[PDB]
């Protein structure tokens, strides 16, 4: 059923990462694609959808391609009016079938608009508990207007806060050696994401963000979230 917690040896270690941690920071530091009530207009590969979404803030794009885990998911949302929220990238973002106004790429992040908001139009607060070397040091809330929200949206908001509050990611490296965010649903199901880059000297943004392609959603009103960091080295 649910995924078992991380084994000690499998968590990515920042000490084994030789690239620029700033490239991971970029993906979560006040960085995200957002849109409401849109419908896809085109496709590239069988598992993706293309939307006309403009970079409101910093005019960097007018088109967005989101890749999904499979062809079924893409077909399911193809003609639906949806809301979008996710972390985008530009390096190795591929479009056109020889040819096929900037463009940007991302994974998952879509939810149906209809019936997915709160009656009183208020926002739902989600508590995030932070653990450092097995100690709950701080806890804070992030918000969403969606009853059923993607795990990606909640993750992004949580890391954005920790970047500023705890300097989660810096340009050169990170004060933490290990890190993973865990979700606990009200039906008992659990799952987690590794918050550190794979070992080596070159961070692959596209490959990392791919973990969101399942378009996983959770009930904002009842889900629990825990961030587990260690400085177990230094």
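Positions refer to the first chain, counted from 1. Heads up, when I say rigid core I mean the largest set of C-alphas that superpose within 1.5 Å between the two forms.
(message) Using the rigid core for superposition, please say which stretch has the greater CA deviation in 7 other deposited structures of this protein, 136-144 or 119-127.
(response) Higher average C-alpha offset in 7 other deposited structures of this protein goes to 119-127.
(request) With everything overlaid on the rigid core, name the stretch, 102-110 or 86-94, whose CA atoms wander farther on average in 7 other deposited structures of this protein. (result) Between 102-110 and 86-94, the one lying farther away in 7 other deposited structures of this protein is 102-110.
(message) Are residue 164 and residue 165 truly consecutive in the deposited sequence, or are residues between them missing coordinates? Give the number as none, 1 to 3, 4 to 9, or 10 or more.
(response) Nothing is missing between them.
(request) Read off the CA B-factors in the entry, average them over 7-15 and over 215-223, and name the higher stretch. (result) Between 215-223 and 7-15, it is 7-15 that shows the higher mean C-alpha B-factor.
(message) If you take the mean CA temperature factor per stretch, which one wins between 65-73 and 48-56?
(response) The stretch with the larger mean CA B-factor is 48-56.
(message) So if I compare the CA B-factors in the entry for 181, 184, 39, 196, which one is the largest?
(response) The record points to 39.
(request) Just grab whichever of 85, 89, 140, 95 has the top CA B-factor as deposited. (result) If I rank 85, 89, 140, 95 by C-alpha B-factor, first place goes to 95.
(request) Quick one: classify residue 157 as lowest, middle or highest third of the chain based on its Cα B-factor. (result) Lowest third - that is where residue 157 ends up once the chain's C-alpha B-factors are sorted.
(request) Among all modelled residues of this chain, ranked by Cα B factor, put residue 190 in the bottom, middle or top third, i.e. lowest, middle or highest. (result) Lowest third - that is where residue 190 ends up once the chain's C-alpha B-factors are sorted.
(message) Is residue 148 in the lowest, middle or highest third of its chain when residues are ranked by C-alpha B-factor?
(response) Lowest third of the chain for residue 148's C-alpha B-factor.
(message) When the deposited Cα B-factors of this chain's modelled residues are ordered and cut into thirds, is residue 115 in the lowest, the middle or the highest one?
(response) For residue 115, whose C-alpha B-factor we compare with every modelled residue in the chain, the answer is the middle third.
(request) Would you mind ranking residue 130 by its C-alpha B-factor against the rest of the chain and naming the third, lowest, middle or highest? (result) According to the entry, residue 130 has a C-alpha B-factor in the chain's middle third.
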